[PDB]
file entry_29.csv (CSV, C-alpha atoms and all ligand atoms)
chain,number,residue,atom,x,y,z
A,43,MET,CA,-21.5,3.6,1.7
A,44,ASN,CA,-18.2,3.5,3.5
A,45,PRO,CA,-16.0,0.9,1.9
A,46,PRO,CA,-14.8,-2.1,3.9
A,47,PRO,CA,-11.8,-0.9,6.0
A,48,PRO,CA,-8.3,-2.1,5.1
A,49,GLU,CA,-7.4,-5.6,6.2
A,50,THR,CA,-5.7,-6.0,9.6
A,51,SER,CA,-5.0,-9.7,9.1
A,52,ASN,CA,-4.4,-11.9,6.1
A,53,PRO,CA,-3.6,-15.7,6.4
A,54,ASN,CA,-1.9,-15.6,3.0
A,55,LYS,CA,0.6,-13.0,4.1
A,56,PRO,CA,3.5,-14.1,6.2
A,57,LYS,CA,3.9,-12.5,9.7
A,58,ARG,CA,7.0,-11.2,11.4
A,59,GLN,CA,8.1,-9.5,14.6
A,60,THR,CA,11.3,-7.4,14.5
A,61,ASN,CA,12.9,-5.1,17.1
A,62,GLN,CA,12.0,-2.2,14.7
A,63,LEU,CA,8.3,-3.2,14.3
A,64,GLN,CA,8.1,-3.5,18.1
A,65,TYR,CA,9.4,0.0,18.4
A,66,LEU,CA,6.9,1.3,15.8
A,67,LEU,CA,4.1,0.1,18.1
A,68,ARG,CA,5.4,0.7,21.6
A,69,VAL,CA,7.1,4.1,20.9
A,70,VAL,CA,6.1,5.6,17.5
A,71,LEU,CA,2.4,4.8,17.2
A,72,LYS,CA,1.6,5.0,20.9
A,73,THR,CA,3.2,8.4,21.2
A,74,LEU,CA,1.5,9.8,18.1
A,75,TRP,CA,-1.7,8.4,19.4
A,76,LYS,CA,-1.6,10.7,22.4
A,77,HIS,CA,-0.9,13.9,20.3
A,78,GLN,CA,-3.7,16.4,20.6
A,79,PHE,CA,-4.1,16.3,16.8
A,80,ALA,CA,-4.3,12.5,16.5
A,81,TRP,CA,-8.0,12.1,16.8
A,82,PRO,CA,-9.0,12.5,13.1
A,83,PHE,CA,-6.5,9.7,12.3
A,84,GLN,CA,-7.3,7.1,15.0
A,85,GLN,CA,-9.9,5.3,12.8
A,86,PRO,CA,-10.8,4.9,9.1
A,87,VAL,CA,-12.3,8.0,7.6
A,88,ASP,CA,-16.1,7.6,8.2
A,89,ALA,CA,-17.3,9.4,5.0
A,90,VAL,CA,-21.0,8.8,6.0
A,91,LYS,CA,-20.7,10.2,9.5
A,92,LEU,CA,-18.4,13.2,8.5
A,93,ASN,CA,-20.6,14.0,5.4
A,94,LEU,CA,-17.7,13.7,3.0
A,95,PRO,CA,-19.5,11.6,0.3
A,96,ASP,CA,-16.7,12.2,-2.2
A,97,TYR,CA,-13.8,11.0,0.0
A,98,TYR,CA,-13.7,7.5,-1.3
A,99,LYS,CA,-14.4,8.7,-4.8
A,100,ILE,CA,-11.0,10.4,-4.5
A,101,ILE,CA,-9.0,8.3,-2.1
A,102,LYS,CA,-8.4,4.7,-3.3
A,103,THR,CA,-5.8,3.5,-0.8
A,104,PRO,CA,-7.2,4.6,2.6
A,105,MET,CA,-5.1,4.3,5.7
A,106,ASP,CA,-5.3,5.3,9.4
A,107,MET,CA,-3.6,4.8,12.7
A,108,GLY,CA,-6.3,2.5,14.0
A,109,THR,CA,-5.7,0.1,11.1
A,110,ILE,CA,-1.9,0.5,11.6
A,111,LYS,CA,-2.2,-0.3,15.3
A,112,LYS,CA,-4.2,-3.4,14.7
A,113,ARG,CA,-1.7,-4.5,12.0
A,114,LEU,CA,1.2,-4.1,14.4
A,115,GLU,CA,-0.7,-5.9,17.2
A,116,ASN,CA,-1.4,-8.7,14.7
A,117,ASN,CA,2.3,-8.9,13.5
A,118,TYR,CA,0.8,-8.3,10.0
A,119,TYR,CA,3.9,-6.6,8.6
A,120,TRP,CA,7.1,-8.3,7.4
A,121,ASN,CA,9.3,-5.3,8.3
A,122,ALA,CA,9.3,-1.8,9.5
A,123,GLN,CA,9.4,-0.3,6.0
A,124,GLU,CA,6.0,-1.8,5.2
A,125,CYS,CA,4.6,-0.1,8.3
A,126,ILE,CA,6.3,3.2,7.6
A,127,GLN,CA,4.7,3.1,4.1
A,128,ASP,CA,1.3,2.9,5.7
A,129,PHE,CA,2.0,5.9,7.8
A,130,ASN,CA,3.1,7.8,4.7
A,131,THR,CA,0.0,6.7,2.8
A,132,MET,CA,-2.2,8.1,5.7
A,133,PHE,CA,-0.4,11.5,5.5
A,134,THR,CA,-0.4,11.7,1.7
A,135,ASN,CA,-4.1,10.9,1.6
A,136,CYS,CA,-4.9,13.8,3.8
A,137,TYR,CA,-2.8,16.2,1.6
A,138,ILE,CA,-4.5,14.8,-1.5
A,139,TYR,CA,-8.1,15.1,-0.3
A,140,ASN,CA,-7.6,18.5,1.4
A,141,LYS,CA,-5.8,21.8,0.6
A,142,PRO,CA,-2.6,23.4,1.8
A,143,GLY,CA,-3.3,25.3,5.0
A,144,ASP,CA,-6.5,23.5,5.8
A,145,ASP,CA,-7.1,22.8,9.5
A,146,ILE,CA,-6.9,19.0,9.0
A,147,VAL,CA,-3.8,19.4,6.9
A,148,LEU,CA,-2.1,21.4,9.6
A,149,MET,CA,-2.9,18.5,12.0
A,150,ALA,CA,-1.4,15.9,9.6
A,151,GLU,CA,1.7,18.1,9.0
A,152,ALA,CA,2.3,18.3,12.8
A,153,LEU,CA,1.9,14.5,13.2
A,154,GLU,CA,4.1,13.9,10.2
A,155,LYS,CA,7.0,16.0,11.6
A,156,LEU,CA,6.7,14.1,14.9
A,157,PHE,CA,6.6,10.8,13.1
A,158,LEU,CA,9.7,11.7,11.1
A,159,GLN,CA,11.6,12.6,14.2
A,160,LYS,CA,10.6,9.4,15.9
A,161,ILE,CA,11.8,7.2,13.0
A,162,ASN,CA,15.0,9.1,12.6
A,163,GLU,CA,16.6,6.2,14.6
A,164,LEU,CA,15.0,2.8,15.2
A,165,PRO,CA,16.5,0.1,17.3
A,166,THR,CA,19.0,-2.4,15.8
A,201,LIG,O1,-8.4,13.8,5.4
A,201,LIG,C1,-8.4,13.3,6.5
A,201,LIG,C2,-7.2,12.9,7.4
A,201,LIG,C3,-7.9,12.2,8.5
A,201,LIG,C4,-9.4,12.6,8.6
A,201,LIG,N1,-9.6,13.1,7.3
A,201,LIG,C5,-10.9,13.5,6.7
A,201,LIG,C6,-11.5,14.8,7.3
A,201,LIG,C7,-12.0,14.8,8.6
A,201,LIG,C8,-12.5,15.9,9.1
A,201,LIG,CL1,-13.2,15.9,10.8
A,201,LIG,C9,-12.6,17.1,8.4
A,201,LIG,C10,-13.1,18.3,8.9
A,201,LIG,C11,-13.1,19.4,8.1
A,201,LIG,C12,-12.5,19.3,6.8
A,201,LIG,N2,-12.0,18.2,6.3
A,201,LIG,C13,-12.0,17.1,7.1
A,201,LIG,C14,-11.5,15.9,6.5
A,201,LIG,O2,-11.0,15.9,5.2
call {"tool": "encode", "arguments": {"input": "entry_29.csv", "output": "structure tokens"}}
result
Amino acid sequence: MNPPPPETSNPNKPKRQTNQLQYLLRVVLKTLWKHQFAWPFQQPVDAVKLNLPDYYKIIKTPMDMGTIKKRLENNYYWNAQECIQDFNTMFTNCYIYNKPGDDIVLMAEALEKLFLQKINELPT
């Protein structure tokens, strides 16, 4: 089985919209989305389809840009740092499950550098 995907809404959790969260969606996520290396990260890891049956035996806090996009569109986050933490979880998961120099890791590392450049300055 794949596990249930991470939540993209939670009525118990307070919502917020900030200039910085708007920028993470309009500029950061939407630019990374178009990168040629973004496709493995645009949805939860489908362990069944991809025949990685040990993925969720290893990765206990999964995250992906499809989930982040939905969360941003939902105003699920309280602040930009919560969203940035999801991006970092997504990258770290890929480095945990895979090995240095792997093709998928080279893709994550290219996205991560672009992500870091984009968040170097956020709006006020
Ligand atoms: O780790 C991550 C980060 C986002 C996707 N993903 C899982 C994944 C997907 C694919 Cl197509 C792989 C292909 C070859 C080797 N490894 C793979 C892999 O580990």
call {"tool": "residues_near_ligand", "arguments": {"input": "entry_29.csv", "ligand": "ligand LIG 201 (chain A)", "cutoff": "6 Å", "atoms": "all atoms listed in the file", "output": "list in words"}}
result
residues 82, 83, 87, 136, 139, 140 and 146 of chain A
call {"tool": "atom_distance", "arguments": {"input": "entry_29.csv", "atom1": "CA of residue 47 in chain A", "atom2": "CA of residue 104 in chain A"}}
result
7.9 Å
call {"tool": "closest_residue", "arguments": {"input": "entry_29.csv", "among": "A:92, A:129, A:45, A:55", "to": "residue 116 in chain A", "atoms": "all atoms listed in the file"}}
result
A:55
call {"tool": "residues_around", "arguments": {"input": "entry_29.csv", "residues": "residue 51 in chain A", "least_positions_apart": "5", "cutoff": "12 Å", "atoms": "all atoms listed in the file", "output": "number ranges by chain"}}
result
A: 56-57, 109-119
call {"tool": "residues_around", "arguments": {"input": "entry_29.csv", "residues": "range 161-165 of chain A", "least_positions_apart": "5", "cutoff": "10 Å", "atoms": "all atoms listed in the file", "output": "count of residues only"}}
result
12
call {"tool": "closest_residue", "arguments": {"input": "entry_29.csv", "among": "A:52, A:71, A:44, A:147", "to": "residue 108 in chain A", "atoms": "all atoms listed in the file"}}
result
A:71
call {"tool": "closest_residue", "arguments": {"input": "entry_29.csv", "among": "A:138, A:150, A:158, A:143", "to": "residue 97 in chain A", "atoms": "all atoms listed in the file"}}
result
A:138
call {"tool": "residues_around", "arguments": {"input": "entry_29.csv", "residues": "residue 43 in chain A", "least_positions_apart": "4", "cutoff": "10 Å", "atoms": "all atoms listed in the file", "output": "ChimeraX atom specification"}}
result
/A:88-90,95,98
